[PDB]
């Protein structure tokens, strides 16, 4: 059965953050809070964990994975960022957005979209997610946690426990969040395209 941690969302207990990260380092799959709903996460190096997340997320065709990054610098290490993308993201981070970009060699081939070689880059703004990333030291392979065919993300940690405690290794209770997912912007070909309208304002990208 999945472990269940109650972590203060404003001032996360380092002890629990560290334990969560150790679970991730050992190849575990966790559910953690972000500024835009709950998300699934695991280390980028574990293929088995990736597969488990794919099934839980029911990742559709051509749908990108997400790399949860500490900041723009880390994002720029794992994806190819040109002038257009840099200027747009520097003024629209952190939180509320997932940016589709081409992944660099830092990213395992299996995590890149088969045809476009892309992956979603996302910098969370909430304390718990930031603490997890700081402790991990690198991006976390992730996906938003949402029900099949739903346009909404799961936001109730107790509901999440009831639904996935038999399928994940850790669930971090970080409060009751919003159910609106991130706004997804594809920044490739220097032509911003709105893939999904979520929390983030689409206007800066047109």
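Taking segment 184-195 only, how many residues are in contact (Cβ under 8 Å) with a residue 60 or more places away in the chain and either over 18 Å from the mean Cα position of the chain (by Cα) or closer than 25 Å to residue 154 by Cα (or both)?
7
Quick one: count up the residues across segment 175-206 that are surrounded by fewer than 17 Cβ atoms within 10 Å (Cβ to Cβ) and in contact with a helix residue (DSSP H, G or I) (Cβ under 6 Å, 6 or more places away or on another chain).
Final tally of qualifying residues: 1.
Criterion first (closer than 22 Å to residue 95 by Cα and over 15 Å from the mean Cα position of the chain (by Cα)) does residue 33 satisfy it?
Against the criterion (closer than 22 Å to residue 95 by Cα and over 15 Å from the mean Cα position of the chain (by Cα)), residue 33 does not qualify.
Could you give me the residue pairs with C-beta distances under 7 Å whose first residue belongs to segment 170-183 and is without any contact (Cβ under 8 Å) to a residue 24 or more places away in the chain, whose second residue is assigned to a loop (DSSP other than H, G, I, E, B) wherever it lies, and which are 6+ apart or on separate chains?
176/155; 176/156
Of the residues that sit in segment 73-85 and are buried (at least 17 other Cβ atoms within 10 Å of the Cβ) and under 21 Å from residue 205 (Cα atoms), which one is nearest to the chain's Cα centre (by Cα)?
Once the filter is applied, the top-ranked residue is 75.
Just to be sure, is residue 145 crowded, with 19+ Cβ neighbours inside 10 Å and closer than 14 Å to residue 74 by Cβ?
So residue 145 fails the test.
Quick reminder, even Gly has a Cβ in these numbers, built from the backbone with ideal geometry, and neighbours come from all protein chains shown. Read-outs: derived from the displayed coordinates by stated rules, not from any lab.
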